[PDB]
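Just below is one structure, and these are the notes that go with it.
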């Protein structure tokens with residue numbers, strides 16, 4: 001009965017990354033440290049509010065921070081990073097282990113410039129306690145009011161009136 | 001030797017999965033706005 | 001059940017995978033999780049005869065999520081009208097549905 | 001999906017019709033029972049994969065387990081039937097009426 | 001019974017190996033210290049997104065960032 | 001569709017090969033060459049008669065052990081669970097139960113054939 | 001390739017129909033094998049590999065024993081193929097024709113709701129998780145070893161006690 | 001269609017005699033087909049021809065029963081104008097029993113069936129009139 | 001059978017129904033029914049004769065189909081609602097198919113043709129278990145879903161069971177078939193009321209068990225399987241005729257014995273819902289159920305038949321067979337009507 | 001280009017079958033103090049083609065007692081399965097990357113049995129049926145051990161994918177962890193394929209060429225090359241599983257070459273074993289492969305369940 005609301009085309013028109021998957025797997029560990037605040041805000045909204053239509057702007061901020069990130073990587077440390085992801089994209093499951101020497105070049109570049117340290121083994125696999133000006137969503141799931149249960153008979157129970165009302169048994 | 005090797009494999013897996021975790025948000029955002037685009041297109045055609 | 005020996009001892013031998021919104025092995029939601037949860041949370045405390053008509057909206061939404069018949073009807077109607085119009089020559093499909101779009105990412 | 005569930009239910013009904021409507025042999029009846037098992041398996045599996053209910057996916061393996069045990073004891077009874085009468089036919093089993 | 005096992009190691013050594021390996025499989029998990037790291041490693045693997053948490057203002061031990069000091073340091077998995 | 005294609009290719013190879021084997025050669029058919037072998041002499045009866053099998057109990061328990069395989073086979077996925085003690089105990093119990101059944105059959109002479 | 005699943009389901013129906021007509025257990029076992037193959041293929045079409053492979057394996061290992069038995073017990077001089085009986089051949093042809101006519105009938109009295117010849121292949125998979133890992137069939141079955149360990153014990157008891165039952169029936 | 005058999009009560013007895021007549025005939029034919037399927041599955045015939053003959057005899061017999069029943073009821077309700085009177089149904093049941101003992105050569109079957117079917121049809125009318133809901137929904 | 005095997009088999013028989021009760025999943029319910037199926041066949045086929053093979057094959061082949069039909073009902077419910085429990089707002093066809101298969105499992109008419117045959121093909125024990133303990137889980141299914149069953153076929157099947165059990169036991173000289181048709185009739189009385197206060201269904205079940213078990217013991221004490229064999233009981237063990245008489249007259253429900261309580265209170269709760277003429281028919285065919293019991297107890301207790309010369313050897317020797325529970329179960333039947341309000 | 005890939009996977013396997021026949025004959029010869037074929041070619045490198053051509057020029061036998069449908073269809077199925085088994089084989093990069101390759105192999109072989117088992121029935125005769133029932137007994141014997149062996153071995157690999165064994169064996173072989181499972185796997189590959197000493201279906205001195213006594217021409221040839229293809233497949237499986245060669249992502253042809261070497265060694269070992277030993281009995285095979293192999297197999301499965309845990313060596317799911 002109720003119409004679905006949806007955003008317009010221009011409420012989704014966005015400057016996209018246009019960037020592939022090995023180029024992106026290479027810079028994953030640095031994109032998880034830098035550009036973590038926006039990403040975690042977007043995640044919290046997307047899971048707290050179960051609607052995409054209520055978080056487009058956080059997604060747009062995510063895309064913006066990613067673009068700024070790769071702009072830093074382009075204006076600084078483009079050749080070693082190029083070599084890294086080019087050698088990474090050769091594999092079939094895109095394994096870091098086969099390209100372990102170009103990591104060194106990329107990391108030393110991105111460390112001597114901008115001081116970006118690679119996260120260690122299990123730092124991107126844990127909860128991270130974001131804040132925001134947003135409020136809590138009151139009643140997600142758009143739940144209706146619950147019907148009231150049937151009341152309990154309050155009383156100290158007594159013997160049955162005249163025992164069993166069965167047919168002719170007295171007691 | 002197998003013990004130690006699978007031990008390292010369970011660390012390379014941690015690395016790969018952590019990259020997946022770092023890039024989940026971008027894919028989620030793009031998935032969302034792509035689905036919404038497709039639905040708005042379906043709607044704008046169903047209207048006519 | 002007949003002999004609630006599980007409730008007697010607090011164990012759950014079988015009464016924890018009774019439906020879809022119930023502890024998938026790793027936390028992957030089954031489809032209609034929300035609908036079934038909402039139906040079940042309406043039909044609690046109540047039993048049966050009263051839940052079947054005080055929690056009907058939520059069951060109907062669940063039934064449409066799982067079996068999903070009215071959406072089939074809707075898309076079938078849209079398709080039938082589109083085929084009629086294209087046969088008459090009235091409709092002109094766009095590029096983003098003939099197979100020629102600008103992919104978004 | 002509704003198409004294939006309809007077809008699978010009709011397949012169950014055919015195998016049930018089979019195992020009800022007897023012929024001479026009994027092995028064919030046991031095979032019809034196996035076919036009913038198989039159709040039920042596929043129904044359960046498809047419902048579980050559609051709904052993404054990985055909690056119920058241990059159900060069809062249980063179906064196969066118990067159906068195969070059923071087949072086992074049926075085949076043992078068939079061994080006994082042959083040792084008695086020699087030829088597997090279900091018409092020779094007509095002495096409990098008297 | 002030592003003589004019985006001496007006889008069985010000559011005649012039917014296949015079942016002796018079998019019972020020995022069965023008992024060994026059952027007893028050795030109880031012995032090792034590495035037995036407990038298995039569940040911990042299976043737990044450490046993040047197959048699903050760690051969903052962030054709202055800052056109530058009363059979450060000291062919870063970190064504000066991935067590479068903060070807090071949280072489970074997975075360096076026990078390194079140099080195990 | 002790659003796999004479907006490989007299998008269709010192998011299928012058509014086999015069928016083209018049989019077509020060649022049948023329609024390329026020459027034929028001289030007659031009843032004395034098309035009747036069953038039985039080593040120079042003629043058969044005394046049909047081959048579509050009972051062949052008593054003397055390992056039927058072994059066949060049935062093979063079926064049950066096949067189901068045991070089907071139950072054991074999820075272990076590579078069961079090991080990446082967090083518990084790693086319930087699965088251990090339960091797999092131990094399953095294998096030990098199967099071994100107990102095998103031992104009972106063995107001692108009761110079910111693995112021996114019906115002479 | 002949109003009618004794939006409908007073709008597979010129809011083939012399975014025909015296999016079970018030729019089964020229900022009950023030729024000798026040789027051709028009945030052939031039908032079981034073909035139908036289990038088709039079942040595996042559709043269980044794969046719906047996104048499940050393990051369950052289909054295991055149907056195939058179990059039914060193959062079972063029809064092996066059925067061959068071993070039916071050579072001994074359910075054998076005749078003339079094993080009665082489908083063509084052996086004009087009446088069986090007629091009911092088989094009539095069953096194919098009847099199911100075809102029935103499908104063409106229920107595609108009329110209801111536009112859609114039971115069968116959709118028009119939209120076919122459009123309703124198979126129902127909300128896949130487009131981004132995922134550790135999601136296949138096999139995790140759910142491996143839950144027999146954790147979170148559903150009563151199925152495992154009850155199945156194991158069935159098999160174990162079935163061994164004793166076998167020995168006693170055969171003795 | 002349930003409405004077909006519910007047409008028996010759109011109007012009282014004495015009216016629409018042919019309608020009610022061959023309704024009851026159809027009902028008897030259905031019951032006879034059931035009895036015939038059971039007598040052909042259990043205690044089967046020596047040949048398919050005799051099986052068909054069994055079906056035909058049983059079905060035509062029960063059809064004649066129902067036809068005589070409906071005729072007699074609507075006639076004895078048209079005559080002696082009294083729809084709310086189970087004696088019409090009694091006379092119809094007796095006519096049915098008579099046809100049973102005629103198709104099946106037996107006077108004792110005729111009398112036994114007359115009494116039993118007549119009382120049954122009388123009770124049927126009495127219950128349709130006073131509201132006896134066999135197979136009732138649970139109320140307490 | 002060696003002891004390990006008996007332990008395994010009787011544990012399985014006990015655990016089939018126990019799994020069936022203490023299970024909310026219908027599939028583990030099915031599992032329990034299949035344990036009851038699998039474990040019964042060894043002891044049915046223990047004496048290894050053609051009669052036993054036929055009985056076991058008939059039992060197996062009739063119960064497998066019912067099991068598959070129940071599994072179909074369960075899988076259709078899972079498709080419909082994504083759960084493993086027959087809720088309300090399920091399909092009446094699913095529920096009715098479940099009812100049909102459960103009736104085939106119990107032995108109700110018109111699915112009754114196998115029970116007397118199978119029962120004649122097996123010893124007195126394995127008739128007791130088959131008629132008492134195997135009936136308890138299949139009944140548990142219906143008891144757990146009583147407000148979902150259609151109140152029409154539930155009663156047609158009951159009425160058919162009543163009529164056919166009475167008429168079949170009218171002419172059976174074999175006692176192992178009399179017990180079977182008695183089972184059919186009593187399951188009819190149960191199933192008739194099962195949508196109406198299913199506590200009474202369990203009442204009739206307990207009464208029926210308490211009556212049949214000692215009767216089977218009575219048959220066991222001399223391996224009596226025929227009217228002519230039970231008639232030679234005024235010579236062999238004549239201290240049992242009193243209890244046999246009162247137990248038969250409780251089975252065919254006569255007032256002063258407690259076997260009239262279930263029929264009486266069933267008629268009560270059926271007249272409380274305007275199910276009048278059905279109850280009348282049932283109460284009037286229970287008389288024919290009583291007639292052959294009366295014939296039997298004439299034959300054994302009131303009109304002592306001719307005996308043999310070789311029956312004096314039995315008088316020379318001594319006995320040990322009455323298990324001390326025959327007394328308790330025969331006296332708690334036949335004499336517990338005044339305690340009926342505590343039973344209800 | 002996928003069809004060219006099919007060619008490069010299928011035609012060389014058939015030449016390999018054809019020249020394995022030659023290698024068998026010549027190795028058995030030299031073990032038997034004689035020279036095998038050295039006439040028809042320089043060193044007899046044309047005898048396989050001669051045999052094939054001569055077999056496809058002979059008149060096929062369509063008997064009267066036979067069931068022609070199953071008769072013609074069984075060799076078709078035999079070769080089709082023998083040739084589809086080579087599909088997921090990583091050598092190192094496969095043609096078809098499946099996630100459950102070993103289950104595909106297992107099911108395909110358990111179906112390959114039915115070629116023998118239907119050809120024997122369809123060929124209405126006595127020795128034919130003897131061969132069929134012996135195949136039934138053989139499969140009953142070996143299938144359980146094959147599956148549980150393979151389970152125990154992949155219980156340190158972490159998956160049913162064949163390609164993951166290459167990374168499981170990047171620094172070692174699975175033969176030193178599991179040489180007993182390797183022994184039993186080898187002898188079950190020897191029971192599978194109906195290869196001596198576990199031949200027992202074309203046992204020329206017990207049966208007169210069981211399940212082929214009524215087959216003459218290209219059908220018999222199809223059975224032949226199916227057998228000699230499954231031999232190389234099983235050697236390829238043993239050397240992918242246990243004798244893991246070197247991957248070296250830059251040098252994959254090195255993997256292919258070492259795979260070739262090990263597969264040839266293990267196939268020549270099959271021929272060696274044919275030459276050396278006498279035949280088992282098809283009840284002695286049961287007694288062996290139930291009363292010696294299955295106890296130790298279950299015990300070592302228990303061991304290999306415990307071992308990832310008490311060593312903290314649980315493998316990864318991809």
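Method of determination (from the header): electron microscopy, 3.0 Å.
Backbone N, Cα and C atoms are what each Cβ position is placed from, and that goes for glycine too.
Taken from Swiss-Prot as is:
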- I:1-21: transmembrane segment (TRANSMEM)
- I:25-45: transmembrane segment (TRANSMEM)
- I:56-76: transmembrane segment (TRANSMEM)
- I:92-114: transmembrane segment (TRANSMEM)
- I:149-171: transmembrane segment (TRANSMEM)
- I:178-198: transmembrane segment (TRANSMEM)
- I:200-220: transmembrane segment (TRANSMEM)
- I:241-261: transmembrane segment (TRANSMEM)
- I:274-294: transmembrane segment (TRANSMEM)
- I:324-344: transmembrane segment (TRANSMEM)
(message) Restricting to CB pairs under 8 Å, which listed stretch, I:1-21, I:25-45, I:92-114, I:178-198, I:324-344, is in contact most with the transmembrane segment (I:274-294)?
(response) I:178-198
(message) Take the C-beta pairs under 8 A between the transmembrane segment (I:56-76) and each of I:1-21, I:25-45, I:178-198, I:241-261, I:324-344. Which stretch has the highest count?
(response) I:25-45
(message) Cβ under 8 Å, sequence separation of at least 6 from the ends of the transmembrane segment (I:200-220): give me the contacting residues as numbers and ranges.
(response) 124-125, 127-128, 131-132, 135-136, 139, 142-143, 175-176, 179, 182-183, 186, 189-191, 193-194, 230, 240, 243-244, 247-248, 250-251, 258-259, 261-262, 265-266, 269, 321-323, 325-326, 329-330, 332-333, 343-344
(message) Within the same chain, where does the transmembrane segment (I:25-45) have neighbours whose Cβ lies under 8 angstroms from its own Cβ atoms, ignoring anything closer than 6 residues to its ends? I mean 6 or more beyond.
(response) 1, 5, 9-10, 12-13, 15-19, 52-53, 55-56, 59-60, 63-64, 67, 70-71, 74, 77, 84-86, 105, 118, 121-122, 126, 129-130, 134, 137-138, 141
(request) Could you give the residue numbers and ranges of same-chain residues that sit at least 6 residues beyond the transmembrane segment (I:1-21) on either side and whose C-beta is under 8 angstroms from one of its C-beta atoms? (result) 28-29, 31-40, 42-43, 46, 129, 133, 136-137, 140-141
